[PDB]
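Chains as they are written, first to last, in this note's numbering: chain U, 2 to 129; chain Y, 251 to 512; chain B, 17 to 74; chain F, 1077 to 1135; chain W, 1077 to 1135. Beta carbons are placed, not taken as given, at the ideal position from N, Cα and C, and that holds for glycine. A quick write-up on the structure given underneath.
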RNA sequence: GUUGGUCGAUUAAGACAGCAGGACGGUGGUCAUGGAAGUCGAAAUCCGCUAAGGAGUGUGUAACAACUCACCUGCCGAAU
């Protein structure tokens, strides 16, 4: 599985479905129709990481804020934080209000256990 | 964890952790988490956790004597028949009764293909139908006792047959080919080897839920009462209709064997 | 009947069906003892082959 | 058997069969030792079964 | 048994089985003494029971 | 190589070798952006369940993965 990426509402894109294979492993613009309606959520913005699931002669990703999609999008910053925990490059500090709701939807899509686990969260696979 | 190294992975301190939970709860249950993978294990554990929670333990776990000594019970090395501990196994403490816990795990088991070098927990069987594989090493199927033939240029299973018997090890080739077919022959979770609950050692015959056999014994016992009730002449509650029919047999006997009109 | 089953267990164990043995079993069940009935049944059932009777009945 | 008879007596007398009150008591009164492991299984059938169906059946 | 024969026979004639008249009398003719406690139970049985259903049924 | 020493560790609460098992979830709330739960790459470091399973040694699906070993068990019975 070779993933593939999407920006909101696109279909059939040559730059994304030709050099990265036409997903399903044949049949480009099968993924393209399904993805467009699915991943039109927040604004198209910076490119969304979507990670591919394959079905019987259909390619489709269900994006329903799966952790991977959210990653670049949430801060809304076009550069990066790079070498973090010391001197962040941008000043895009996401608020607590956005953080809790974004985190919660991941925590039903990632095989997550505890409700109380969201307290324990963060440090290594986040801020670091 | 962050203490990645060999340095302390505490002994006597974590022995006390195991001790406290044992003293708290009526039931200490030992079930084999060896069979289960970690991702799979969490799903089984989640249901059990609501009742009262589970903790997994090392060789401090087998030291059940000290745990028992702190409270008063008898589920240790001596008084329990054998500590049944296996690799990556914990002790599962639950509020749920011995019959209920058996049901809880059994209802929610998660499928997984069988694993190499482990003895197959059940028979593994192959269905008829196309394998889904392209023409390749058709020889590999035949060794395992998966019958195959080339029809339409593709490998297809001609008939169902049992690939391997219970108690026989799963091949490297066997595990791979079963997974491709989509066969997940055993469904995995915490197989319960023994349960200790409320001063009693319960073996798996208690846990099961056959019966049907025990219904037959009930009917047999009642039949012995009914037969006795006929002869005796004793107009107690059950025996009062039955005794009357004994007297009727004498009247009936002459009429049927003869042809005598009364 | 409580009395009939009380007799039946004694036969299985190989311990004789007499007034003393049958009466105590009835008490254990938690049904009250009524004076004539355990003694009367024990006397009556004595010298009967229960085994052949079980296997008959038509 | 010993075990079948113990709860059979309880049902006929009209008493319920719990562990300590009746089920253990009946077999012990005969002078046979009741096994703690086995007895719970025997008790379990009475629970959640319509026992009059079994009573009706002869074997 | 002794006891079964006496009360059953009385039913055929349509007679009740009371103590002295019929119930003991049948055994006495044979030379057999009926037990007083057992006799009481036979007398009680016919009273308050619908006898006709028992007779009708075959076994 | 073999010898006796010295200073620390770990060890009958069963360690250390070797099999056999497990080596996951919080987690791709985040950055290389085409991308990387650890993994073509980089500053980083603690929990859940814990006895365990590195926010990572490699094998690798340009993704996941399981696999390996480092971490601990079952086996093991005395040192390492």
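Residue span of the beta strand (DSSP E) that contains residue i, given as start and end
| i | result |
| --- | --- |
| residue 400(Y) | 399-401 |
| residue 340(Y) | 340-342 |
| residue 60(U) | 59-61 |
| residue 407(Y) | 404-407 |
| residue 451(Y) | 450-452 |
| residue 56(U) | 54-56 |
| residue 306(Y) | 304-306 |
| residue 281(Y) | 277-282 |
Supposed contact pair residue j and residue i - C-beta distance, whole angstroms, cut 8 Å
| i | j | result |
| --- | --- | --- |
| residue 1121(W) | residue 491(Y) | About 10 Å separates the two Cβ atoms, so there is no contact after all. |
| residue 57(B) | residue 23(B) | 7 Å |
| residue 404(Y) | residue 385(Y) | 6 Å |
| residue 14(U) | residue 26(U) | About 18 Å; that fails the 8 Å criterion. |
| residue 1133(F) | residue 21(B) | Not quite, the Cβ-Cβ distance comes to about 16 Å (not below 8 Å), so this is no contact. |
| residue 279(Y) | residue 342(Y) | 5 Å |
| residue 298(Y) | residue 344(Y) | 5 Å |
| residue 1115(F) | residue 1095(F) | 7 Å |
| residue 90(U) | residue 82(U) | 6 Å |
| residue 376(Y) | residue 407(Y) | 6 Å |
| residue 16(U) | residue 5(U) | No, residue 16(U) and residue 5(U) are not in contact; Cβ-Cβ is about 11 Å, not under 8 Å. |
| residue 1091(F) | residue 47(B) | 7 Å |
Enclosing alpha helix (DSSP H) for residue i [first to last residue]
| i | result |
| --- | --- |
| residue 264(Y) | 263-274 |
| residue 444(Y) | Run containing residue 444(Y): none in the alpha helix (DSSP H); it sits in the beta strand (DSSP E), 441-447. |
| residue 290(Y) | 288-299 |
| residue 4(U) | Segment: none, residue 4(U) is in no alpha helix (DSSP H) and carries neither H nor E. |
| residue 372(Y) | Residue 372(Y) -> no alpha helix (DSSP H), and no H or E assigned at all. |
| residue 127(U) | No alpha helix (DSSP H) contains residue 127(U), which DSSP labels as neither H nor E. |
| residue 1102(F) | 1100-1106 |
| residue 1115(W) | 1112-1122 |
| residue 331(Y) | That residue, residue 331(Y), is in no alpha helix (DSSP H); it is neither H nor E in DSSP. |
| residue 27(U) | That residue, residue 27(U), is in no alpha helix (DSSP H); it is neither H nor E in DSSP. |
| residue 54(B) | 52-61 |
Nonlocal neighbours in the same chain, by C-beta distance under 6 Å from residue i, ignoring five residues either side
| i | result |
| --- | --- |
| residue 519(Y) | For residue 519(Y) there is no data in the structure shown, the boundaries of chain Y being 251 and 512. |
| residue 69(U) | 50 and 52 |
| residue 110(U) | 67 |
Contacts around residue i, its chain only, beta-carbon distance under 8 Å, and the 5 residues preceding and following it disregarded
| i | result |
| --- | --- |
| residue 1085(F) | 1102 |
| residue 1099(W) | 1082, 1083, 1086, 1093, 1110, 1115, 1118 and 1119 |
| residue 28(U) | 58 and 60 |
| residue 423(Y) | 390, 393 and 394 |
| residue 429(Y) | 363 |
| residue 449(Y) | 323 and 324 |
| residue 305(Y) | 267, 268, 271, 340, 341 and 343 |
For residue i: DSSP bridge partner residues
| i | result |
| --- | --- |
| residue 494(Y) | Partner(s): none; residue 494(Y) has no beta bridge. |
| residue 379(Y) | 407(Y) |
| residue 460(Y) | Its beta-bridge partners do not exist; DSSP assigns none. |
| residue 50(U) | 6(U) |
| residue 414(Y) | 374(Y) |
| residue 419(Y) | 369(Y) |
| residue 437(Y) | 361(Y) |
Cβ neighbours of residue i in the same chain (closer than 7 Å, five flanking residues each side left out)
| i | result |
| --- | --- |
| residue 333(Y) | 312, 314 and 327 |
| residue 55(U) | 2 and 25 |
| residue 301(Y) | 344, 345 and 346 |
- Message: With three or more C-beta pairs closer than 8 Å as the rule, is the segment 472-484 of chain Y touching the segment 301-313 of chain Y?
- Response: Cβ pair count under 8 Å is below three, so no.
- Given 8 Å, three or more beta-carbon pairs between the segment 50-66 of chain B and the segment 435-452 of chain Y: Contact between the segment 50-66 of chain B and the segment 435-452 of chain Y is absent: fewer than three C-beta pairs spanning the two stretches fall below 8 Å.
- Task: Would you check if there are 3 or more beta carbon pairs closer than 8 Å linking the segment 386-397 of chain Y to the segment 337-351 of chain Y?
- Result: No: the two stretches stay apart, fewer than three of their Cβ pairs being nearer than 8 Å.
- Segment contact, 8 Å Cβ cut-off, at least three pairs: the segment 34-41 of chain U with the segment 52-68 of chain U: Yes, since at least three Cβ pairs between the segment 34-41 of chain U and the segment 52-68 of chain U fall closer than 8 Å, the two stretches touch.
- Query: Is the segment 413-420 of chain Y touching the segment 119-126 of chain U in the sense that three or more CB pairs, one from each, lie closer than 8 Å?
  - Reply: With a cut-off of 8 Å, the segment 413-420 of chain Y and the segment 119-126 of chain U do not count as touching, because too few Cβ pairs lie within range.
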